[PDB]
Amino acid sequence: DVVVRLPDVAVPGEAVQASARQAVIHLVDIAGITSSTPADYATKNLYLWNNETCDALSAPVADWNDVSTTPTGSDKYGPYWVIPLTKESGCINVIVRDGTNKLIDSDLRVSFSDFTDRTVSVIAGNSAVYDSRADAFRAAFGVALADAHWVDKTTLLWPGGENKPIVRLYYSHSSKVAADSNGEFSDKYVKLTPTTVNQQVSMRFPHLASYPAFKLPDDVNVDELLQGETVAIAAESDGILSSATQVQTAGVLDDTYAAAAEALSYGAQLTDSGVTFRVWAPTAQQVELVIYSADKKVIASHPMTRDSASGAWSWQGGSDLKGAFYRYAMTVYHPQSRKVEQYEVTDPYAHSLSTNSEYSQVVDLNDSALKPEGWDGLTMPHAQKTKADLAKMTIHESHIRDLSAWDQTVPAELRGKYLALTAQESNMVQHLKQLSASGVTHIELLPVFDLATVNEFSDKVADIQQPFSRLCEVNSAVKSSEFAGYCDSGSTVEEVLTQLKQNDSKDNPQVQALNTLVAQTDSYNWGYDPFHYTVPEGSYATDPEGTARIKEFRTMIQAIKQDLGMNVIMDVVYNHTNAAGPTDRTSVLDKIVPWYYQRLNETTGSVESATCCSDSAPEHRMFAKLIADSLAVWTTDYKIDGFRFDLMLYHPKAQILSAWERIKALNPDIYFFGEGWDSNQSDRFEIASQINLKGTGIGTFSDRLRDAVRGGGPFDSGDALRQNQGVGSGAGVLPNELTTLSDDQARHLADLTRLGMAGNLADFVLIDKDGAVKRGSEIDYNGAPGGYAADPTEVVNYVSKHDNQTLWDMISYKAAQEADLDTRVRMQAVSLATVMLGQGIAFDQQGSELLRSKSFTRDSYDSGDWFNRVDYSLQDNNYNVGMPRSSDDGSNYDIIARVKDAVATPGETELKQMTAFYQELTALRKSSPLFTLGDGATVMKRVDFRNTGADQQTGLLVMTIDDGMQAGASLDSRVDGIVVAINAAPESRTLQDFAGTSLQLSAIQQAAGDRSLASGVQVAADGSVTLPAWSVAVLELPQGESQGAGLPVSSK
Ligand SMILES: OC[C@H]1O[C@H](O[C@H]2[C@H](O)[C@@H](O)[C@@H](O[C@H]3[C@H](O)[C@@H](O)[C@@H](O)O[C@@H]3CO)O[C@@H]2CO)[C@H](O)[C@@H](O)[C@@H]1O
Ligand SMILES: OC[C@H]1O[C@H](O[C@H]2[C@H](O)[C@@H](O)[C@@H](O[C@H]3[C@H](O)[C@@H](O)[C@@H](O)O[C@@H]3CO)O[C@@H]2CO)[C@H](O)[C@@H](O)[C@@H]1O
Ligand SMILES: OC[C@H]1O[C@H](O[C@H]2[C@H](O)[C@@H](O)[C@@H](O)O[C@@H]2CO)[C@H](O)[C@@H](O)[C@@H]1O
Ligand SMILES: [Ca+2]
Ligand SMILES: [Ca+2]
Ligand SMILES: [Ca+2]
Ligand SMILES: [Ca+2]
Ligand SMILES: [Ca+2]
């Protein structure tokens, strides 16, 4: 059949041949595809220079600003330059340009050794030298991009194949398809024939459903084609190639191997009677198991056995391999580099690792030696079975270093370690113990799986508590910086940072200047950089070499549950990997099965980075299985109680639900929740968003109450940070000098806050700012329906988290100049009360109870111990410790300088006051089942609000919870109802709604005396209740001999 080959038809000839002592360079202008008039090549020149490697040029060009080296002549195929030479031997340096812009990105070096005639031709941005314009012309018809998609055994979707009479799929086992010396495409191929995309493919990949489809013969040996490179090619009737592109094969890989591969188990599976290693690598040509000694010397290399049906490789050995280190030697084709790579990779299913994750290790997590005393009997301190149980969840989001890096009462060797949680006599542990006794029920841990952004080899790291001399020894950027003079000083880094504070300002942000360098080689990072999904992080262990970290992690889990009495939630990041490609140190998955575990751009094949990094593909079957298998280990072997899915929105709704079904078989009470924002992936599959997860039981963080109370949004910059006041900072009622918020806008935020305190349900009914009856879904939130949930347990309310500015820093940006320090502390408590006293699950950042500040830093992931400091000795809240990182907050320096010093920085008196307020709120939350009803229908039958409508007193939130006869059964034997009143305003407010009812202040607040958030509250004889400025009161209707009238929800 017709032999497809490069365009040899109207191929450009040679304009001229170099004469004696001279070389000519052609600039093939592909625009000659039509040529109907002489183009202008006047503003086109070359940059010549003869130096070391090449010095044949005779009298080259002076400065780069020289544009006189114009064409010697030109024709329909482009211009050409006649360059003088001193000798016809050697080589010359050239740079084709167009005025001053590098027409080509490379220092082309024409050697007279490779091109004797010294006559070559180049192309616009091709970085290559040809011996003729003919070769270059055809060079523009090579393989480009990767917009071809092999989605199943017999289907290929590719745009460039429409019309083209000749559509084929070429392939080469160990080579890169292109064109032989004769400019032809010899390699074998499979003829493609136009067809209509089946219903199976359209459903699997909706975003490609409109692509021109092609059919493959049934007798095609798919397995063999997938062993090397495959390229889609199109050609006209005569057989001339128009385009050639690479192929994305994730689709056919699943269609061919997934089912069989899903049925197997992976990793180094050790029993006490032997071991079986298995890794999935359907496209690899060879895979060998390399065993290493403790000192990392190769003990043996075993070729593995491939299973044809699954594409998995295995090797079985004896129990003596327990504890051995290993890697998989891969021989596989990687589309990004277009070559059969050869490299050793760690196990994606690794369960143990060597220092810095260089080698995986064989381990049996069931081994008693890897478990603390009594581990198997560890029980969950808090119930998570019923919705009522779940609603009591009150989360404290913490970080391993944030907890103990600064605590001098924690043994030095345990600071920043998992084991710090076992130091019962430390300030930090005693603080957490008290928070637990007061109502905090869960500890959520930032990344404790194997992250990549912290070097686990201690000698390569330097922290601020150590000598500056150590920093200089491990960080070359510091040694070559303006801070180099501190290298041979006798100061520690923190001592230097402290002295830099006085002269630090928006005009001289020297604190962050030095810290930015320190961040490169310290032990700090949030860790949203996945290296291995199912192994604990090593830097948080006292010994990162081998299995040691496993028992230490468990010892920590046991301490939290058994000694501190709190459940544990793990932050997981399956939405992306730290890196991809065949060369990065941390690329594991993309090295073993290239282009399968990552989500790629439909046209270029490039790994997407919408998540921040290397986007993963949870929609692919084997990655979905890896996720579920990983969660199974954390659940069963590490006894985790719940999981917070980072960017859950990038996962298909179906995948998250399937995972939950799997895990519920191991732990029936496991709880799943995560970020359900808009991932922009709806064109590929139904995403796991707030809206789509309604009624599923999967929770999502709610941004409704969060923004209404904090004010503004996470994207605000400049003056907007101060202008956008929230309910918690006096929107409307206590305006600052810049805001333009209307009373109507302030009342809209209150509508969102009330709805949130009722669980942000789509069907909850309330009276809005204008007196209109509205369902939660009818209250607008930046253009979208406000209420979205079916049950309050599907909503996670919060006013502070590791992301964005802390609650205190937001209040500092927004508070009116006249709001004093005491008032700001109460604003922090008032803000937190909307969350703690609400029906949705309560979530909060470690340190809110201590007015935690990050010195205004918005995104502190790599801002180290300095900006993320939490002082459990209670001296201050880390506010005003230097301007934040300029790269991300520099645009906010002006507003920061204007508001920063309004009032004094909180000290011990303020921190103790806040901790008291905080523990009062959490204690109130668990004092009655009425605060955590759990079921949506029950919330609607019992919860209501007062002080609503157009005649409302702005800033006063009044919520009622019925336990009376009209609500149904009495759920609390001590009360017939409860009233929550939050007076977020500078005036005293009087409530007349309950005159003649017999309300009483909660015993918990009464017991706090003048230290209560309700201090000064008065319950009059006539039943009227008066609340002081910025106060919170919980009142109850004491129950008598039998259930009383209560506080029935008003029909609307
Ligand atoms: O060099 C890698 C990567 O680093 C930076 O990205 C980090 C973000 O700055 C940081 O905020 C964090 O983002 C995560 C959120 O904290 C989390 O709540 C959720 O929203 O997922 C986010 C992504 O996982 O972590 C990332 C990754 O370390 C930097 O901004 C990137 O440009 C850079 O590529
Ligand atoms: O992914 C990298 C990115 O991570 C961090 O950004 C996160 C925000 O901090 C976080 O608030 C969230 O943003 C969502 C809003 O909360 C929500 O109201 C709505 O607007 O959707 C937003 C997401 O589209 O998630 C992002 C995740 O990116 C970090 O702060 C960034 O610096 C970093 O670039
Ligand atoms: O000095 C010769 C120098 O020329 C080239 O560098 C250019 C560079 O590409 C321009 O962007 C700009 O910076 O001017 C430079 C020369 O002035 C070569 O890349 C370089 O190897 C060579 O030494
Ligand atoms: Ca030539
Ligand atoms: Ca690590
Ligand atoms: Ca760091
Ligand atoms: Ca997309
Ligand atoms: Ca009752």
Side-chain angles (χ1 to χ4, degrees), residues 12-19 22-26 28 80 88 110-122 129-137 346 350 352-360 400-401 416-418 446-458 460-461 523-541 543-546 549 553 573 577-579 585-586 588 927-931 933 942 960-978 1036-1048:
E14 296 299 288
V16 65
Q17 291 290 172
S19 298
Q22 62 175 56
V24 299
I25 173 60
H26 302 292
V28 186
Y80 63 80
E88 300 182 1
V110 182
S111 59
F112 303 167
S113 59
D114 297 61
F115 308 80
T116 180
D117 57 58
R118 301 186 304 298
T119 298
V120 300
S121 300
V122 297
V129 183
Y130 296 111
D131 208 4
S132 64
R133 298 197 294 182
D135 289 354
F137 179 96
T346 46
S352 190
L353 298 159
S354 68
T355 302
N356 217 213
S357 321
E358 303 186 315
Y359 304 76
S360 32
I400 301 302
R401 283 199 73 78
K417 305 295 187 180
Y418 299 127
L446 256 68
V448 286
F449 48 82
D450 183 39
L451 52 112
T453 46
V454 168
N455 197 310
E456 307 190 340
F457 282 105
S458 296
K460 296 290 188 176
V461 179
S523 301
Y524 195 104
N525 198 289
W526 282 346
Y528 291 99
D529 308 297
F531 200 164
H532 293 275
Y533 292 119
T534 322
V535 187
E537 162 62 9
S539 70
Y540 297 142
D543 184 349
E545 181 71 9
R549 73 182 80 171
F553 185 104
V573 189
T577 56
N578 185 251
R585 169 184 68 96
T586 66
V588 182
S927 72
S928 173
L930 295 171
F931 289 108
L933 298 170
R942 300 173 179 263
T960 57
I961 310 175
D962 192 21
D963 197 43
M965 300 181 280
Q966 283 181 271
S970 167
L971 301 182
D972 187 337
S973 70
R974 296 182 68 72
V975 308
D976 284 316
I978 291 176
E1036 59 182 58
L1037 291 175
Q1039 194 170 320
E1041 192 193 312
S1042 59
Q1043 193 182 192
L1047 301 166

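Just so you know, these numbers use all the heavy atoms, side chains as well, and skip hydrogens, waters and symmetry mates. All residue numbers refer to positions in the sequence shown, counting from 1. One-based numbering, in listed order, for ligands and for the atoms of each.
- Residues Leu1037 and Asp963 have side chains not in contact (no heavy-atom distance under 4.5 Å, counting atoms from C-beta outward).
- Of the inter-residue distances, the one linking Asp962 atom CG with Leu933 atom CG reads 10.0 Å to the nearest 0.5 angstrom.
- We find the CZ-CG distance between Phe112 and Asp117 to be 10.5 Å, quoted to the nearest 0.5 Å.
- From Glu456, atom CD reaches atom CG of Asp450 across 5.5 Å, with rounding to the nearest 0.5 Å.
- Heavy-atom minimum distance, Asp972 versus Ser928: OD2-OG, 2.7 Å.
- For the Ca ion (ligand 4), the set of nearby N, O or S atoms under 3.0 Å includes none belonging to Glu14.
- Annotation: angle subtended at the Ca ion (ligand 4) by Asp131 OD1 and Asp117 OD2 is 80°, to 10°.
- Within 6.0 Å of the CZ atom in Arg585, the count of heavy atoms belonging to other residues, nucleotides or ligands exceeds 12.
- Atom OG of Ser132 sits about 8.5 Å away from atom NE2 of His26, to the nearest 0.5 Å.
- Listed by chain and number, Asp963 OD2, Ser970 OG, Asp972 O, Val975 O, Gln1039 OE1 are the protein N/O/S atoms closer than 3.0 Å to the Ca ion (ligand 8), with waters left out.
- The number of protein N/O/S atoms found under 3.0 Å from the Ca ion (ligand 5) is 4.
- Remark: side-chain polar atoms of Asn356 are not paired, donor with acceptor, to backbone N or O of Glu358 under 3.5 angstrom.
- In this structure, the separation between OG on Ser970 and CD on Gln1043 is 5.0 Å, given to the nearest 0.5 Å.
- In this structure, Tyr540 and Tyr418 have perpendicular ring planes: the angle between them is above 60°, well past the 30° mark.
- When distances to the Ca ion (ligand 4) are checked against a cut-off of 3.0 Å, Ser132 contributes no N, O or S atom below that limit.
- Atom CG of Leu1047 is separated from atom CD of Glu1036 by 12.0 Å, given to the nearest 0.5 angstrom.
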